[PDB]
Amino acid sequence: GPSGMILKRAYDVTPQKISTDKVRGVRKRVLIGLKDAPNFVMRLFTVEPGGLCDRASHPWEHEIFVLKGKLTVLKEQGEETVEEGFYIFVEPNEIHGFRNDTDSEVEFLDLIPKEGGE
Amino acid sequence: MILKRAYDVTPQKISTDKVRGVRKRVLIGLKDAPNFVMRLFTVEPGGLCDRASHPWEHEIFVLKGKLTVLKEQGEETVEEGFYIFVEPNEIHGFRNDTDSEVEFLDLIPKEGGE
Ligand SMILES: [Cu+2]
Ligand SMILES: [Cu+2]
């Protein structure tokens, strides 16, 4: 594939609204997307106050790192709170979701294998 | 599901012919990862990862500080909030010319180990 290196301010990407049956109040920046990624993609999610990614599962993993704020993680059985500086590994097919129960935006990095899209 | 404070993962001091003044935390490693691994590097003041290359990419996010990125020729300094995509085989390295620790997240495909 191509050579080189990209160095870019993540906020130079405009956060795009995500709106699905399960997702409301969330925006996403694609940092390293399908047009460039050899194996896996890097996105930066912003969860607005009250925003929700309701419980779901899918046949690929997540690797997440929380950049800003206090995030509620929805699990099969209950919920748990994380904050800036936490990482999360979600196994393939594990039930998960996210909610922002605070007044300010939450941001996290989210990487998935590229077979799961961007 | 694993939910953990990255700080609580024990850092490893890296010391090689190319690397000095660097610590590495393996957050999501080979025992867990289906496809790619997540590490968190801390570069001490004056720390250096000298130019190298390998047949896998990096996907990096700068968490703290001003990171000097070494390129095949020359260098570029970036700061917290930058991401870095290093294509496979591209020469790269890192240095911290500042007086405080620099941290960055670094993900590689599992073929690169952890
Ligand atoms: Cu998911
Ligand atoms: Cu490297």
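Residue numbering restarts at 1 for every chain, and letters A, B, ... go by the order of the sequence lines.
In this structure, chain A has no heavy atom under 4.5 Å from any part of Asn89(B). Using a 4.5 Å cut-off between heavy atoms, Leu31(A) contacts chain B through both its backbone and its side chain. Looking at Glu83(A), only its side chain comes within 4.5 Å of chain B, counting heavy atoms on both sides. Heavy atoms of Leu105(B) lying under 4.5 Å from chain A belong exclusively to its side chain. Both the backbone and the side chain of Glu87(B) have a heavy atom closer than 4.5 Å to some heavy atom of chain A.
Linking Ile, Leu, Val, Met, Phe, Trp and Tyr residues whenever their side-chain heavy atoms come within less than 4.5 Å places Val23(A) and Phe108(A) in a single cluster. Taking hydrophobic clusters as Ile, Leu, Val, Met, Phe, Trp and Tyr residues chained together by side-chain heavy-atom distances below 4.5 Å, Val26(A) does not share a cluster with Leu52(A). A single hydrophobic cluster is not seen to contain both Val37(B) and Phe40(A); linkage of ILVMFWY side chains at heavy-atom distances under 4.5 Å, directly or through other members, places them apart.
At most 12 non-hydrogen atoms from other residues, nucleotides or ligands lie less than 6.0 angstrom from CD of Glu72(B).
Counting heavy-atom pairs closer than 4.5 Å to chain B, the top residue among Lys8(A), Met5(A), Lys75(A) is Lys8(A). Between chain B and the options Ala10(A), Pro2(A), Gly4(A), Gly85(A), heavy-atom pairs under 4.5 Å are most frequent for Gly4(A). Your options are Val78(B), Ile84(B), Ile91(B), and the one with the most heavy-atom pairs under 4.5 Å with chain A is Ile84(B). The choice from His92(B), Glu103(B), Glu90(B) that makes the most heavy-atom pairs within less than 4.5 Å of chain A is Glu90(B).
Near-neighbour residues of residues 110-118 of chain A relative to chain B, defined by a heavy atom under 4.5 Å from a heavy atom of that chain, comprise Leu111(A), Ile112(A), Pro113(A). Residues of residues 59-74 of chain A lying under 4.5 angstrom from chain B, judged on non-hydrogen atoms, are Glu61(A), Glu63(A), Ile64(A), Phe65(A), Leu67(A), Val73(A), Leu74(A) by number.
If you chain together ILVMFWY residues whose side-chain heavy atoms come under 4.5 Å of each other, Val26(B) ends up in a group of its own.
With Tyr87(A) as reference, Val9(B) is the one residue of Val9(B), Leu3(B), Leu40(B) to meet the side-chain contact (heavy atoms from CB on, under 4.5 Å) rule.
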Residues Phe89(A), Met1(B); criterion side-chain contact (heavy atoms from CB on, under 4.5 Å); working and verdict: CA-CA 6 Å; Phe89(A) 177 60; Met1(B) 196 183 290; over 6 Å; no

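For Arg9(A), the side-chain contact (heavy atoms from CB on, under 4.5 Å) test picks out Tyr11(A), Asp12(A), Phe82(B), with sequence neighbours left out.
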